[PDB]
Structure formats: structure tokens, C-alpha cells
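To start, the structure itself, in C-alpha cells.
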Amino acid sequence: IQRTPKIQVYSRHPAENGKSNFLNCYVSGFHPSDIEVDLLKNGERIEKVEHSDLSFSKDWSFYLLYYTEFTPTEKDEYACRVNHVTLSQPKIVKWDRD
Amino acid sequence: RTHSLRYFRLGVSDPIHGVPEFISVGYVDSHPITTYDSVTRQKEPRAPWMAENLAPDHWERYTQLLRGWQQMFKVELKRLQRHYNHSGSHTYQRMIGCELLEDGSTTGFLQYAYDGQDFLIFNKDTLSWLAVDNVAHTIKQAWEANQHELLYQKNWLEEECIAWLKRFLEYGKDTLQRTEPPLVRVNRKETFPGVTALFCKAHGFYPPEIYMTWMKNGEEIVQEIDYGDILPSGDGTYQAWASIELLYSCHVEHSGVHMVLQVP
Ligand SMILES: *[C@@H](C)/C=N/c1c(NC[C@H](O)[C@H](O)[C@H](O)CO)[nH]c(=O)[nH]c1=O
């Protein structure tokens, strides 16, 4: 039995257009461990992205945190793109901007 | 405050490239402390207060142990796959650890999983292994025949593990034992016509353990409360929320402090 990743996209602080913030993509509850994650700004991969090492949960699934520094604008759209064996093609999850 | 020490092992057969055959990492509470894998073949710190407090001799000695544990894990996965007549890539996992509770009592656990599911569970109080199926029962019989190993693992869980944890807690005390209180607000909004949603949102808190609930007229709710996961904000602190529909009040407890936000 395989478990597809839960994907949650949110800002570090309550978002406000114009003020420096951080964008998080928390990817969790998946199994097996192999996984691919990118942050996207207007459909294109962001390159200066931090991430934690693969992490282990008590229920044997895994989790990861990807983040990047950003300044939210009304115009720009951010997302988190994820691939995993349970997925036919990469899943793109839009940030809902609070 | 309650704390815990645990180590995981992860074994993958026939892995894709980029995926190590074997990984082992340690945690104190939610914080990574150690890591080893079949590519580095080295045990390394994952917290600065581990690196500063354990001499090179520690990393050397446990690197050798891990290299040994890596090979055992490979063989055990192969034997399991054979038992299940499985081919292709499968996973094998171990978790061992202990908790030092607030009241001072303790907890210990040791479990194995196959393809991400419970396989064998150790009971240190009976010195027995609980098996989920006939394959695990086969493995159990072998392990339960070795009385000394069972005694040894009971001792490690109850004495050694707890001693390691206390040791690590002191090393990382500036981190592990700090308190950062939640910033909490209630948000109100009409969504669907007629409906009013009430979100109680907390962020900026450490440790991640937080209690949030909604109440009406000073007593327990009965309607459906929705809970946000407790999520890492990336700076060492966490965030979370709870919502209901619609005098209401949000109640938050964190590290010995209770907070009430009355919805006017
Ligand atoms: C550095 C101390 C890494 N330790 C480590 C351990 N350590 C706990 C324990 O000695 C070990 O699990 C024995 O097998 C218990 O009988 N365990 C682990 O799985 N990974 C580690 O990196």
C-alpha cells in the first residue's frame, strides 16, 4: 500500500503584499520515500530553495519542508510542484495566499 | 515537559538512483540530531549542539556500528521479500526510542515495518514480539528464542536510552527547553450566504505541542470543528488553527498558559 503525499503551501508569517516573507511547502504522509519537489513563481522553478532532509514519522510515512524567501505581490502566483510514484504526473499546488 | 529520543532505520531494495539503500536518523523531540546513510557511510550531527558536545570518538565508533547495521538490514529485507514472495523494490523500517514524561515516569518502544506497515512490535514488559501475520510470526519465533537479546533491549530502552536523552536534553537545552508563546487571533467572515466562519489562528510558538478548541457559552462545543495541522514555519516555530461555523470563544493552551479569545 502506497500513500500519496499531502501537500500544504503557506507563508511563514501572515502574508501582506510588499513585505518580505517566506513561502513554505510541507510535504507529508507519503510512502515510499522517493519524491521530487519544486517551488514555482509564475509557473517557473525557483532556484534558491532551501529544504530539510527527508524525515520519518511514527506511522512509517515521510515528510519534508521546502521553503524560499519571497515578497508576495497581488500579481505574482506561487505554487509547489510534487512528483511521487503514486502520481501519474507532477502535481502542482497553488498557494492560496491566506 | 515531556521529551523523547528515537532512531529510525530505512532500508530500500533495488532503489532508484538518488535513493540510498539505507538511511538512519535520530531525533530528540521534533529535532533531527544524527544522520547516516549508505552513500556517506558516515554518522554526522544534524544539530549544532550535538556537534559541539560529542567528541570525534563518538562519531567514529557509531559509524562502524551503522555500517554493520546497514548490511544486516539489507539481508533482513531480502529474507522478508523471499518470505512474501515479493520482487521489485520494497521497504523495511525500524523505530526505537524512549520518552521521559513530565511526571517523571518513562516509555520505551521498538517496532519494525514492512512496506510502511506494522510488522513486529516489541513489548518490553512481556519480553515478547507481537506479529501482524504468519511471516512476522516466523521472524518472531527466532527472535523470541534469544532470551539475552530481549533482556538487552529492555535494558537499552529503560536505562541507556533514557540516559542518552537526558544527556542530549542538556546539550540542546537552549533550544529544546525554551518557550515561545503563540500569537493568536480570531478571524470572522461570511462565506456561503447566511454562513459565518470563525478561524482561530496561532503562529510563532515553540514547542509545537498546542491545544486549541472552540467553545460556546463557556462550555464544550458539539458542532464540527475543523483542525489545521501543526506546521513548521521554517524559523524553529510552528503554526496551527481551528475553525467552526455560526457567544463563541477560542481557547488555547500552550506550555502552562491558557488563553481565551471571546468572539464579540
Ligand atoms: C548514534 C548514537 C546513533 N545511534 C543510532 C542508534 N542508536 C540506538 C541504539 O544503540 C541502537 O538502535 C541499538 O540497535 C539498540 O539495541 N540506533 C539507530 O537505529 N541508528 C543510529 O544512528
Side-chain angles (χ1 to χ4, degrees), chain A residues 1-16 23-31 55 57-65 72 78-80 82 84 86-87 91-98, chain B residues 2 29-30 116-118 180-234 237-246 248-264:
Chain A
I1 115 106
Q2 305 177 123
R3 307 173 240 172
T4 198
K6 195 176 184 180
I7 301 166
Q8 303 178 78
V9 187
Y10 55 99
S11 58
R12 167 180 298 180
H13 305 296
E16 174 177 15
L23 182 57
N24 296 305
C25 179
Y26 189 73
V27 190
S28 67
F30 56 96
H31 198 285
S55 293
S57 290
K58 258 230 186 197
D59 70 5
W60 310 113
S61 74
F62 314 101
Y63 69 90
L64 276 154
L65 179 64
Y78 293 83
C80 185
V82 177
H84 181 255
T86 53
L87 299 180
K91 181 140 74 185
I92 298 174
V93 182
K94 305 171 197 181
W95 175 49
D96 72 345
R97 349 165 172 259
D98 279 307
Chain B
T2 287
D29 300 335
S30 45
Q117 305 293 314
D118 287 343
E180 289 187 55
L183 276 41
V184 191
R185 68 190 185 275
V186 165
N187 297 138
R188 177 166 193 254
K189 182 192 288 185
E190 161 152 55
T191 56
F192 202 88
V195 167
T196 291
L198 255 36
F199 277 80
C200 189
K201 289 171 164 294
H203 64 99
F205 54 91
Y206 182 97
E209 289 71 37
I210 196 158
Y211 305 96
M212 309 178 67
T213 186
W214 275 101
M215 284 188 208
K216 65 170 298 190
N217 313 132
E219 280 140 9
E220 180 188 85
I221 221 192
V222 137
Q223 289 77 5
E224 78 168 37
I225 301 184
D226 215 32
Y227 296 107
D229 296 338
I230 296 171
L231 299 162
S233 297
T237 74
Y238 292 75
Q239 59 182 79
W241 56 264
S243 73
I244 63 179
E245 275 193 86
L246 167 53
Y248 294 80
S249 63
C250 173
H251 291 239
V252 173
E253 186 213 294
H254 178 263
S255 278
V257 169
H258 194 77
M259 187 183 314
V260 183
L261 298 84
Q262 198 74 32
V263 164

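Throughout, a chain's letter reflects where its sequence line sits, starting with A, and its residues are numbered from 1.
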Just so I know, are the side chains of [X] and [Y] near enough to count as touching, which here means a heavy-atom distance under 4.5 Å?
X	Y	result
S11(A)	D98(A)	yes
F199(B)	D226(B)	no
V252(B)	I210(B)	yes
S255(B)	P207(B)	yes
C250(B)	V263(B)	no

What distance separates [X] [atom1] from [Y] [atom2], expressed to the nearest 0.5 Å?
X	Y	atom1	atom2	value
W241(B)	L231(B)	CH2	CG	10.0 Å
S30(B)	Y206(B)	OG	OH	5.0 Å
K94(A)	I7(A)	NZ	CD1	14.0 Å
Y211(B)	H254(B)	OH	NE2	10.5 Å
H31(A)	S61(A)	NE2	OG	8.0 Å
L87(A)	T4(A)	CG	OG1	4.0 Å

*asked:* Check this for me: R185(B), atom CZ, are more than 12 non-hydrogen atoms of other residues, nucleotides or ligands nearer than 6.0 Å?
replied: yes
*asked:* Can you confirm whether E224(B) is buried at CD, in the sense that more than 12 heavy atoms of other residues, nucleotides or ligands lie under 6.0 Å from that atom?
replied: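 Result for CD/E224(B): open.
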*Relative to each other, are the rings of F30(A) and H84(A) parallel, tilted or perpendicular (30° and 60° limits)?*
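Aromatic pair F30(A)/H84(A) classed perpendicular.
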*I would like to know whether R188(B) and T196(B) meet side-chain contact (heavy atoms from CB on, under 4.5 Å); could you show each step before the answer?*
CA-CA 7 Å; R188(B) 177 166 193 254; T196(B) 291; 3.6 Å; yes
*asked:* Exactly one of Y63(A), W95(A), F62(A), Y10(A) should register a ring pair (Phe, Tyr, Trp, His ring centres under 6.0 Å) with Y26(A). Which one does?
replied: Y63(A)
Could you pull out the closest heavy-atom pair between [X] and [Y], with the gap in Å?
X	Y	result
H258(B)	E253(B)	ND1-CB, 3.8 Å
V184(B)	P182(B)	CG2-CB, 3.7 Å
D96(A)	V9(A)	OD1-O, 4.4 Å
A242(B)	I225(B)	CB-CG2, 4.3 Å
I230(B)	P208(B)	CD1-O, 3.4 Å
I92(A)	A79(A)	CG2-CB, 3.7 Å

Quick one: do the [X] and [Y] side chains pair a donor with an acceptor below 3.5 Å?
X	Y	value
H203(B)	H13(A)	no
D59(A)	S57(A)	no
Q239(B)	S233(B)	yes

*Kindly indicate, with the supporting measurements, whether the criterion side-chain contact (heavy atoms from CB on, under 4.5 Å) is fulfilled by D118(B) and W60(A).*
CA-CA 8 Å; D118(B) 287 343; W60(A) 310 113; 2.9 Å; yes
*Carefully, step by step, assess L198(B) and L246(B) under the rule side-chain contact (heavy atoms from CB on, under 4.5 Å).*
CA-CA 8 Å; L198(B) 255 36; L246(B) 167 53; 4.2 Å; yes
_Residue pair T86(A), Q2(A): steps toward the side-chain contact (heavy atoms from CB on, under 4.5 Å) verdict_ = CA-CA 7 Å; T86(A) 53; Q2(A) 305 177 123; 3.6 Å; yes
*Counting distance only, does the side-chain N/O of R3(A) pair as donor-acceptor with the main-chain N or O of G116(B) below 3.5 Å?*
yes
_I'd like to know if the side chain of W214(B) and the backbone of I221(B) have a donor-acceptor N/O pair within less than 3.5 Å._
no
